[PDB]
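Protein chains: 2
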Amino acid sequence: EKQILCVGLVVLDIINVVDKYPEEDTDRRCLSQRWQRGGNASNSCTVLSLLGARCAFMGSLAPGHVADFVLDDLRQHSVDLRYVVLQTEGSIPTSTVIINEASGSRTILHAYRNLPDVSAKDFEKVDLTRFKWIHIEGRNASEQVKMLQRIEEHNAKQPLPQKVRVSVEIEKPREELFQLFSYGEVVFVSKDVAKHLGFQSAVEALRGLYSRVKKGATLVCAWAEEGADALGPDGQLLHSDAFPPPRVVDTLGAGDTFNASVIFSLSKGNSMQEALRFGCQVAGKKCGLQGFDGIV
Amino acid sequence: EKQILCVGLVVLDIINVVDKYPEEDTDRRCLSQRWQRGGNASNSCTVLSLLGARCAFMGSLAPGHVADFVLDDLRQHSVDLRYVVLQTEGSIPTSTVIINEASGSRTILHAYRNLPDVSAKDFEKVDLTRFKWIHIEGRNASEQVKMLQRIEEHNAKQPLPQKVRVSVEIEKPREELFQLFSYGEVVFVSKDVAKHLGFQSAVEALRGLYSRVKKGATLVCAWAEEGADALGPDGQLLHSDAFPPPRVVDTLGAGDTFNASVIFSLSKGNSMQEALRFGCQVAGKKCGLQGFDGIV
């Protein structure tokens, strides 16, 4: 069975669930605390696996307690790990998350430093025939452009049923990541990126950014509680409302849940309109529960 | 060589160093992040070892990644672990700490749940002849009173040079811990406890609480930037000013550093006046550096 590969980041999330945001200079009891594997591409693998797809994760690790936890958790979710890249310096980041139950707020404190990223040389070793879909979390764009060019060259020699589908996520507002707009059949652009580029709504972002994507691609822009929108080569602006839970309890990884669910739905042959709705449905369900496993 | 035993808690501290307190609902970069072994008795062992005393830690653990980290860190500090209690249920807590560099503030989010505590039955197995000093972090007072009675019964059969010295810490404002005032030759009472009992300064706390201690004992009350005070059987109110660093950068474990340093100084034969000064000196130095190792 062909797999879906996600290339990007893994971290350890240290999660603190509170009913009031902590007052500075105090020591207070949480409602609950837990460790949770995180990172955009890593979370997307979790969701793909829960939805039933065979998937693989490619990202950097360094030996230690965090790696042991992360690898055990990936195995618990049947995620294929043959392409992880073991580094000899640095640490896997431990991000601190505060989730406020009373309001649904999500506050993240992240590492000043990240491990060396998966390079184009690392990616050269991936057997592309094992994958029906490859999703790249935008990080080190110059190296990732080389990976995407390698996939394109592979696909140029494959017949239609053997081409590898490609998606990219442009989530951080860094200009170097905008090189990625012109790769992939599906480009996920975050609300933060859209606003950094001057666009104040999903529809405005689609109309303003569509000219950057590869000919024939679809641009997707989720806009949190306002749902998600897409624009592809047929020229039709698509929109799904969000599917909010009765109470927002945990939004950590909600965007990754949306992305993975859109990928899953498209991989099963559904239209972009159906995939957008499905992504909003699964992400909204996730926002009403802790972690990911309860999306079932 | 006789050891100093500390009975109490170990946790994993997940530390986030920031120059601005995090704004709720945002995702922001720290100046630095690290894992650090914590818990009052555990931190006191770290400081005793750094000062050169042979010491031992007795506390509960449960198997897993946190235990592996904690035990490795205790070994790195030459802390004797033969009396740790391995539990079959629960988790070692992971506490989240936010340290604000701009102000010196310390914010702690701690676990709703803690492991089963070291019991009197567990303590019955400790060979008291191995120890010249036993320090108990007040937690489960009814069990700990039984431990303290066992030490007293042991000491009643020992000559003067073979008696085990005893100290207790009463740090949390829980009425059941106040049973511990009447045990030990040295009782450390926190500012928080003093204020819960209605006393608004160290001197007022000493005069108001001294009647609770065992005949002949010394009550010690540190009051943060106002230094620390003590009152013993000679009737003399003692005080040391604090020794603040040029910039307060990290106060996590400062109270444990004070307690351990007082214990160390007394164990070396110094007076309470000298030990109070020494404790303020080491704790103030610690407040100007990250972690403990730099106290040298």
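Protein sequence lines, in the order shown, are assigned to chains A and A'. A prime marks a further copy of an entry chain. Per the deposited numbering, residue 3 is the first one in the first sequence, and the count goes up by one each step. Per the deposited numbering, residue 3 is the first one in the second sequence, and the count goes up by one each step. By construction, the Cβ of each residue, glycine as well, lies at the ideal position given by its N, Cα and C atoms.
Between the alpha carbons of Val251 of chain A and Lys165 of chain A' lies a gap of roughly 56 Å. For the region 106-119 of chain A', the set of positions with a beta-carbon nearer than 8 Å to some beta-carbon of chain A reads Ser107, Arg108, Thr109, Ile110, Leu111, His112, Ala113, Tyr114 in chain order. Interface flag for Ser34 of chain A' against chain A is set, since a Cβ pair is found closer than 8 Å. Going by DSSP, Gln38 of chain A is part of the beta strand (DSSP E) stretching over 34-40.
Contact between the region 20-40 of chain A' and the region 95-106 of chain A is present: three or more C-beta pairs spanning the two stretches fall below 8 Å. With distances taken between CA atoms, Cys32 of chain A' lies nearest to A:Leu111 out of A:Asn18, A:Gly237, A:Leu111. Note: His156 of chain A' is not bridge-paired with any residue in the DSSP secondary-structure output.
Here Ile172 of chain A really is in contact with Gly140 of chain A; their C-beta atoms are around 5 Å apart, less than 8 Å. Within the region 19-50 of chain A', the residues whose Cβ lies closer than 8 Å to some Cβ of chain A are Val20, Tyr23, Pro24, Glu25, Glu26, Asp27, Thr28, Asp29, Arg30, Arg31, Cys32, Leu33, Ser34, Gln35, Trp37, listed in chain order. Contact with chain A' is found for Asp70 of chain A, since one of that chain's Cβ atoms lies less than 8 Å from the residue's Cβ. Residue state for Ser80 of chain A' is assigned as coil, using DSSP reduced to three classes. Under the 10 Å beta carbon count, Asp258 of chain A is surrounded by 16 or more other beta carbons and is classified as buried. Taking C-alpha positions only, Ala58 of chain A is separated from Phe190 of chain A by approximately 20 Å. Annotation: the continuous alpha helix (DSSP H) that includes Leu278 of chain A' extends over 274-289. Taking 8 Å as the threshold, the shortest C-beta distance from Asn157 of chain A to chain A' does not fall below it. Excluding its 5 nearest sequence neighbours in each direction, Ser34 of chain A has C-beta neighbours in its own chain below 6 Å: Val19, listed in chain order.
Taken in chain order, the complete beta strand (DSSP E) segments of 3 residues or longer contained in the region 152-218 of chain A' are 167-172, 188-191.
Here DSSP, grouped into helix, strand and coil, assigns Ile94 of chain A to coil.
Identification of chain A residues near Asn102 of chain A' by a Cβ-Cβ cut-off of 9 Å yields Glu26, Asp27, ordered along the chain.
Beyond the five residues adjoining it in sequence on each side, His198 of chain A' comes within less than 6 Å, by CB distance, of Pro175 in the same chain, given in chain order.
Closer than 8 Å at the C-beta level to chain A', one finds no residue of the region 125-137 of chain A.
By the neighbour-count criterion, in which 16 or more other beta carbons inside 10 Å mark a residue as buried, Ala143 of chain A falls on the buried side.
Between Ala230 of chain A and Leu278 of chain A, the C-beta spacing is below 8 Å. When secondary structure is reduced to three states using DSSP, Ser121 of chain A' falls in the coil class, being assigned neither helix nor strand. Close to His67 of chain A, with beta-carbon spacing below 7 Å, are these residues of chain A' in chain order: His67, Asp70, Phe71.
For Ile265 of chain A, the uninterrupted alpha helix (DSSP H) segment begins and ends at 256-269. Secondary structure at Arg108 of chain A: strand, using DSSP grouped into helix, strand and coil. Looking at A:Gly92, A:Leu130, A:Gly41, the one whose alpha-carbon comes closest to that of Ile6 of chain A is A:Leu130. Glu139 of chain A sits in a strand when the DSSP states are folded into three classes.
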